[PDB]
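I have placed the structure first, in the form of structure tokens, so that the comments after it can refer back to it.
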Amino acid sequence: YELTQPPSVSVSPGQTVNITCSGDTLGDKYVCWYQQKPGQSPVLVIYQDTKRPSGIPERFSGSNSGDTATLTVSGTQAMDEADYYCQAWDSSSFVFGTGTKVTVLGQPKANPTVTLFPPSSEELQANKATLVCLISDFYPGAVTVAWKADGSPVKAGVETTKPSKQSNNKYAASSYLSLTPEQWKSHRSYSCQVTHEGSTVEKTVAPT
Amino acid sequence: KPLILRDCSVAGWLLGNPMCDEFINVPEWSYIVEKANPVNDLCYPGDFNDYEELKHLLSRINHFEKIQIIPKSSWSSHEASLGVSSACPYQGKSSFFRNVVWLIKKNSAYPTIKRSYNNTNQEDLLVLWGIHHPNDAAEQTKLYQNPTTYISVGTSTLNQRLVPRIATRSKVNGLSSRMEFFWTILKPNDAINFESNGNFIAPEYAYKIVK
Amino acid sequence: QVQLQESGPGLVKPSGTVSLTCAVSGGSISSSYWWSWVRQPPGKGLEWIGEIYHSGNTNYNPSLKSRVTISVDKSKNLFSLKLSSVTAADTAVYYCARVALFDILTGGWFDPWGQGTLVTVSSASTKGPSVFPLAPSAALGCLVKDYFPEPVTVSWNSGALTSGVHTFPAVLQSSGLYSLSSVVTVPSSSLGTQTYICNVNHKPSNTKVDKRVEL
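Protein chains in written order, with the working numbering: chain A, 1 to 208; chain B, 1001 to 1211; chain C, 2001 to 2215.
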């Protein structure tokens, strides 16, 4: 059993944002919501679909019907910027949603800039090959990276950082594809696909 | 042999309250007796109609036997296992009365139930059922999609129609809702008839009695 | 208030057993509450592991069910977690939590949570980094990979170059060694008139590397 959430949503300060959670026959289950700030523990905001724990502002509210549950924040402040996870129970197992990042817009939008580095000459003589896809200067701070080997998806040898705050307050991210020199020389092209706010940026390198 | 209840009331035991677990090796009885004040009456808070009349009857009988009239798996139209509460725990998890079934909605629907059981035994049958009175409108919709609901129970000697009273009540055993339970004696050739579009607590087990 | 505290080894070798305990204060283990373990690999979502009741009843995540064990010590007022046969996929922040039942139906909510403790699965021991250049052709940087353990500090031109510099967090590769990158965004005109040197420092191995990045 899986709970599906949108990867990210943004909202203007003072406006209202809806965080959705989807699952099979989710309306027959009581749903809970958790707030998580980076480097900190999850915090219960809404449990049993509509209920607030003592200490949680009336700002927060939730609802559930059919296959979809919704967390609602009204007149959201800066402190409400966090990750939000929905939660339910099925067949003797607890299940958490994939999570949704909520950004309150404090600055204008910025399209990301993507630079893809092939393995260096030095690393190849070290009998290693690492592709480096660097992503910088974008807002909001949410991005989804995907690697393609000759147009075919690869999940093996891929490690990606969580977006981090730059000096200029924009956000940056990095993804690595670690390979052996033989693997990297087996395909004629490699791609780094970066999707940000519905827009997809792509860079391509090739062994020669 | 006479059934002497140590920690449990007559209501709690007939309904099969999880909080009264006492060792019973032999499943045949003569009559039922309640001594002093029972530790557990009803785990899910509520009321038991015509209780005094029922206790007198069950002490007036010389033979008592439990039997399954309506198997819980026979409900393919609804959800018979998921209706549970923290007020009726079993092994730390949520549960309900064992002898009665809490029917809730399967998926997004609660079709109207028309079910009939005919007593095919040679003995009178003690049959129990109930109605659930939800906490508020939100809880009603949660358990049963239909806002306006009813329970009809017919027998040749009885005509009953119940409408759940949606109201917030005092918290007993953690719950602000209630459950009302009813009983009747089904004559050896008579049949009992049920109709409900919601809030129905259906019988599974009944009790053969001999005067 | 009830508080939960996780403790145990933060580094476990592959095929080894992750062994954690959760100290409960403010409340008793013998309660109507359930005691759960939840893990979160870095930069990813929450994953339920399993739960336990004071009577000894347990429920486990079916995908972890083979290698997981949760128990309870009523005397010391704690409960514990053992996750065996570990791989790199088991590197995660491990939380413990108290679970309460709903008044009606199945399931429950998690509160409170412990601070969480990071558990790394790596067979690696102290190792200095290799440093490779990322040549521009604009942006250029230094790749610092295959070092253990964390951290690595990076500066450019001995602190003389700050503006346009971002040093990324490290990834933990399946090999068990960390890797990060430090990039600096420069005007494309300066690439032929100016020299860029990244200064890599790994204090656990006492390794200091200076690498120049050229076209």
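By construction, the Cβ of each residue, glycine as well, lies at the ideal position given by its N, Cα and C atoms.
Self-check item: CB contact below 9 Å: residue 146 (chain A) versus chain C
Solution: no
Quiz prompt | For residue 40 (chain A) and residue 1179 (chain B), the rounded distance between their alpha carbons | solution = 43 Å
Quiz item: Does the beta carbon of residue 2104 (chain C) come closer than 9 Å to any beta carbon on chain B?
Solution: Yes - at least one Cβ of chain B is within 9 Å of the one on residue 2104 (chain C).
Quiz prompt | Inter-stretch contact (C-beta, 8 Å, three-pair minimum) for the region 139-150 of chain A and the region 95-105 of chain A | solution = yes
Quiz item: According to a CB-to-CB cut-off of less than 7 Å, which residues of the region 1172-1185 of chain B neighbour chain E?
Solution: Checking the listed chains, one finds no chain E in this structure; the protein chains it contains are A, B and C.
Exercise. State the beta-bridge partners of residue 113 (chain A) as determined by DSSP.
Key: A:136
Quiz prompt | Cross-chain neighbours of residue 1073 (chain B) in chain A, by beta carbon under 8 Å | solution = Those within 8 Å of residue 1073 (chain B) in chain A number zero; the least Cβ separation is about 17 Å.
Quiz item: So, is the C-beta of residue 2178 (chain C) closer than 9 Å to a C-beta in chain B?
Solution: no
Quiz item: Name the chain A residues whose beta carbon is nearer than 8 Å to that of residue 1159 (chain B)?
Solution: Within 8 Å Cβ-Cβ: nothing; residue 1159 (chain B) doesn't reach chain A, min ~33 Å.
Quiz item: Along the chain, where does the beta strand (DSSP E) that runs through residue 1184 (chain B) open and close?
Solution: 1178-1186
Self-check item: Proximity winner among B:1060, B:1198, B:1169, relative to residue 1210 (chain B) (alpha-carbon distances)
Solution: B:1060
Quiz prompt | Under 8 Å by beta carbon: chain C residues contacting residue 1082 (chain B) | solution = 2105, 2106
Quiz prompt | Candidates A:132, A:168, A:181: closest to residue 193 (chain A) by CA position | solution = A:132
Quiz item: What span of residues does the alpha helix (DSSP H) with residue 1141 (chain B) cover, start to end?
Solution: 1137-1143
Exercise. Give a yes or no on whether the C-beta atoms belonging to residue 1085 (chain B) and residue 1095 (chain B) are separated by under 9 Å.
Key: With contacts defined by Cβ atoms closer than 9 Å, residue 1085 (chain B) and residue 1095 (chain B) form a contacting pair.
Quiz item: Between residue 2187 (chain C) and residue 2138 (chain C), what straight-line distance do the alpha-carbon atoms span, to the nearest angstrom?
Solution: 6 Å
Quiz item: Which whole runs of the beta strand (DSSP E) in the region 2082-2163 of chain C are 3 residues long or more, in chain order?
Solution: 2092-2101, 2108-2113, 2117-2121, 2130-2134, 2139-2147, 2153-2156
Quiz item: Can you check whether the CB of residue 1153 (chain B) is closer than 9 Å to the CB of residue 1181 (chain B)?
Solution: no
Quiz item: The alpha helix (DSSP H) spanning residue 1056 (chain B) covers which residue range?
Solution: 1051-1058
Quiz item: In angstroms, rounded to a whole number, what distance separates the CA positions of residue 70 (chain A) and residue 2064 (chain C)?
Solution: Answer to the nearest angstrom: the Cα atoms are 29 Å apart.
Self-check item: DSSP three-state assignment for residue 1171 (chain B), whether helix, strand or coil
Solution: coil
Quiz item: Looking at the structure shown, is residue 122 (chain A) part of a helix, part of a strand, or coil, going by DSSP?
Solution: helix
Practice problem: Take the Cβ of residue 64 (chain A) as the centre, count every other Cβ of all protein chains shown within 10 Å, and call the residue buried at 16 or more, exposed below. | Solution: buried
Self-check item: Closest residue to residue 68 (chain A) among A:49, A:74, A:77 (Cα-Cα distance)
Solution: A:49
Quiz prompt | Where residue 48 (chain A) falls: helix, strand or coil (DSSP) | solution = Residue 48 (chain A) falls in the coil class under three-state DSSP.
Exercise. State the beta-bridge partners of residue 2079 (chain C) as determined by DSSP.
Key: C:2022, C:2072
Exercise. Taking a Cβ distance cut-off of 9 Å, strictly less, list which residues of the region 1129-1141 of chain B are near chain A, in chain order.
Key: 1138, 1141
Quiz prompt | The beta strand (DSSP E) enclosing residue 62 (chain A), as first and last residue numbers | solution = 60-65
Quiz item: Within 9 Å (strictly less), CB to CB, does residue 81 (chain A) reach chain C?
Solution: Cβ-Cβ to chain C under 9 Å: no for residue 81 (chain A).
Quiz item: In chain order, what residues of the same chain have a beta carbon less than 7 Å from the beta carbon of residue 1068 (chain B), not counting five sequence neighbours either side?
Solution: Around residue 1068 (chain B): 1204, 1205.
Practice problem: Establish whether the CB of residue 2165 (chain C) and some CB of chain A are separated by less than 9 Å. | Solution: yes
Quiz item: How about residue 2088 (chain C) and residue 2180 (chain C): are their beta carbons less than 9 Å apart?
Solution: Taking 9 Å as the Cβ cut-off, residue 2088 (chain C) and residue 2180 (chain C) do not qualify as a contacting pair.
Practice problem: Anything in chain C within Cβ reach of residue 1092 (chain B), meaning under 7 Å, just list it in chain order. | Solution: Listed along the chain, the chain C residues whose CB falls inside 7 Å of the CB of residue 1092 (chain B) are 2034, 2053, 2055, 2057.
Exercise. Please list the residues of the region 97-112 of chain A that have a C-beta atom closer than 8 Å to any C-beta atom in chain C, keeping them in chain order.
Key: Listed by position, the residues of the region 97-112 of chain A near chain C (Cβ gap below 8 Å) are 97, 98, 99.
Quiz prompt | Minimum Cβ-Cβ distance from residue 2129 (chain C) to chain A less than 9 Å | solution = no
Practice problem: Note down the Cα distance separating residue 1118 (chain B) from residue 5 (chain A), rounded to an integer number of angstroms. | Solution: Inter-residue distance for residue 1118 (chain B) and residue 5 (chain A) is about 50 Å (C-alpha atoms, whole angstroms).
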